[PDB]
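Shown next, in structure tokens, is the structure this report addresses.
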RNA sequence: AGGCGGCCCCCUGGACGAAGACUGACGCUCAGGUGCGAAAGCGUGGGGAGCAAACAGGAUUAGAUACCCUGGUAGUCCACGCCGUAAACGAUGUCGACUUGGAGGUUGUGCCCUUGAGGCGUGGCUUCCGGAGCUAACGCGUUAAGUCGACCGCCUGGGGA
Ligand SMILES: [Mg+2]
Ligand SMILES: [Mg+2]
Ligand SMILES: [Mg+2]
Ligand SMILES: [Mg+2]
Ligand SMILES: [Mg+2]
């Protein structure tokens with residue numbers, strides 16, 4: 001259904017997880033897959049490899065719109081920051097631009113206490 | 001430095017993402033770094049320079 | 001920071017990662033994952049001055 | 001090997017064909033120092049492999065070996081309390097030995113009546129890459145490429 | 001001193017420097033007195049996004065009234081007022097004089113083809129080294145823990161306190 005051909009891959013990479021969301025330029029959600037989705041739990045979910053298959057599974061439910069060019073928006077640290085883009089480029093995609101969008105407060109909200117592990 | 005309106009001179013002292021470049025990298029005298037950041041701060045309030053690459 | 005270009009690429013990424021090493025992203029997120037007491041951030045600053053003497 | 005690296009002993013060639021390579025094979029297949037009985041199972045399997053393959057004897061062996069040869073593998077590593085699996089590009093010399101060792105191991109884990117028959121059907125299976133040992137090559141790639149991420 | 005960090009304005013304290021005029025010992029210290037004084041805390045009324053004692057729940061453990069996690073109330077913010085204590089520390093009371101040095105950082109002022117982003121000096125601050133001396137030693141060392149003087153505070157075994 002419908003046609004897009006020019007989209008954007010939003011990847012949220014936290015330490016416990018990473019989430020891939022595909023979208024049009026406007027920001028309307030086209031498809032999404034996460035690492036915890038494709039099996040993997042706890043110790044395995046938080047790996048670049050688990051992030052890789054998320055990226056693979058996401059392209060297997062969006063080319064219904066037939067995307068062909070996109071930009072990348074990297075949010076968060078952890079794994080699947082870097083490996084996710086690679087799997088994307090190989091799925092048959094000319095990747096145009098990469099930009100980091102991890103949010104940075106100008107020192108606003110106080111974060112939680114340090115963990116005494 | 002001699003003025004926040006010199007966005008031409010000022011652009012040389014910010015990064016690709018609009019962050020103030022420290023005196024270390026620029027090797028600017030220590031008194032003027034301040035004059036510089038205060039003039040960059042003035043230019044930001046007035047929308048003559050961005051705070052972030054975002055906008 | 002930001003990145004695009006060249007007909008012969010997909011290695012722009014090596015650029016992108018070296019751009020983030022330059023920008024201090026991952027370093028910055030670690031710094032803020034958890035609150036640091038002011039006394040503590042004062043304590044961090046001294047230790048590195050000392051090491052920055054050869 | 002903390003400090004002292006070494007060269008490798010370069011065993012004599014096979015008595016029948018004069019190949020160091022097949023001599024490396026009998027040793028891998030040999031058991032309890034029964035050399036006398038070791039070359040007996042390897043040759044007779046080649047005589048069975050030769051006829052049934054037709055295509056010479058020396059080349060027939062490699063075609064099967066061309067397959068089970070593994071290009072990459074993974075090396076365990078313990079960094080911050082975690083056993084990461086780091087995939088290393090493995091050298092040619094060892095590459096054949098693995099090919100040889102997995103071929104030998106799958107033969108005993110086979111149903112046939114004797115060792116010559118187990119061995120022959122393993123080479124034949126491998127020549128078509130459709131046996132136990134090739135799957136060991138495939139698991140190595142499946143296990144590799146997973147940790148393609150680290151390098 | 002406690003402490004003060006986005007930009008702008010209004011009010012206001014102190015510090016340094018150049019140049020010369022003015023006063024003419026007006027100084028130093030200070031028991032008692034007075035004022036200031038982080039954080040938590042208390043009173044009333046605001047406020048309340050994050051964070052978070054208490055508390056609840058989930059885990060861990062032999063136990064786990066904890067460390068981890070999900071939540072989360074005072075509290076953390078404002079106003080006015082109380083409390084007056086901290087490893088309130090340089091664990092070094094104030095002032096004033098004197099005694100080799102080297103590398104810096106900060107900020108004033110004189111001189112020099114401003115002919116350079118400097119060359120010569122001369123102030124106040126400050127960092128790290130380091131001589132003499134001092135020290136039980138570690139260390140300190142022109143910002144003294146050296147050399148002397150004025151004056152205040154305080155110490156007199158540990159515990160009990
Ligand atoms: Mg209150
Ligand atoms: Mg908690
Ligand atoms: Mg006391
Ligand atoms: Mg010293
Ligand atoms: Mg003195």
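Reconstructed Cβ throughout: ideal geometry from the backbone, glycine too, with neighbour counts over all protein chains shown. Read-outs: derived from the displayed coordinates by stated rules, not from any lab.
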ask   = Can you give the Rg and Dmax of segment D:1-147 based on its C-alpha atoms, in angstrom?
value = 17.1, 56
query = Quick one: length gained pulling residue D:77 to residue D:112 fully straight, 0.36 nm per residue minus the C-alpha distance?
reply = 8.6 nm
query = So, in Å, what gap is there between the alpha-carbon centers of segment C:11-47 and segment A:49-117?
reply = 19
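So if the hydrodynamic radius of the protein assembly as shown is defined as the Kirkwood radius over C-alpha pairs, what does Stokes-Einstein give as its diffusion coefficient at 4 °C and 1.567 mPa s, in µm² per second? Please report the intermediate quantities before stating the final value.
Details: Rh = 26.5 Å.
After rounding, the answer is 49 µm²/s.
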message = With the cut-off at 1.5 for a/c, could you classify chain C from its C-alpha gyration tensor as rounded, prolate or oblate?
response = oblate
remark   = Of D:52-61, D:18-27, D:76-85, ordering from highest average Cβ density within 10 Å down gives D:18-27, D:52-61, D:76-85
inquiry  = To test your reading of the geometry: what angle, between 0 and 90 degrees and rounded to tens, separates the Cα axis of helix D:35-53 from the longest principal axis of chain D?
reply    = 80
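Can you tell me which of D:4-10, A:108-114, B:33-39, B:10-16 comes out highest on packing, and rank the rest after it, using the mean Cβ neighbours within 10 Å? Kindly include the intermediate steps, with their values, before the conclusion.
Values: D:4-10: 5.9, A:108-114: 8.9, B:33-39: 17.0, B:10-16: 14.6.
Averaged packing, sorted descending, gives the order B:33-39, B:10-16, A:108-114, D:4-10.
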request  = Rounded to the nearest Å, what's the spacing between the alpha carbon centres of chain B and segment D:1-76? Just the number, please.
outcome  = 71
ask   = Quick one: D:32, D:14, B:6, fewest Cβ neighbours within 10 Å first, how do they rank?
value = D:32, B:6, D:14
key: Debye equation applied to the C-alpha atoms of chain A, log10 I(q)/I(0) at 0.21 Å⁻¹   = -1.11
message = Using a Debye calculation, one point per C-alpha and no hydration shell, please list log10 I(q)/I(0) for chain B at q = 0.30 Å⁻¹ in order.
response = -1.35
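At a Förster distance of 22 Å, what's the computed FRET efficiency of residue A:28 paired with residue A:61, Cβ-Cβ distance as r, to 0.05? The partial results should precede the final answer.
Details: r = 15 Å, r/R0 = 0.70.
The value I calculate is 0.90.
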key: Acute angle (nearest 10 degrees) that the helix D:92-108 long axis makes with the longest principal axis of chain D, alpha-carbon atoms   = 60
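Would you mind putting A:38-47, C:32-41 in packing order, based on average other-beta-carbon counts within 10 Å, highest first? Don't skip to the end; give the middle numbers.
Values: A:38-47: 14.9, C:32-41: 10.9.
Packing proxy ranking, top to bottom: A:38-47, C:32-41.
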remark   = Taking Cα atoms, the helix A:48-59 axis meets the longest principal axis of chain A at an angle in degrees (rounded to 10) of 30
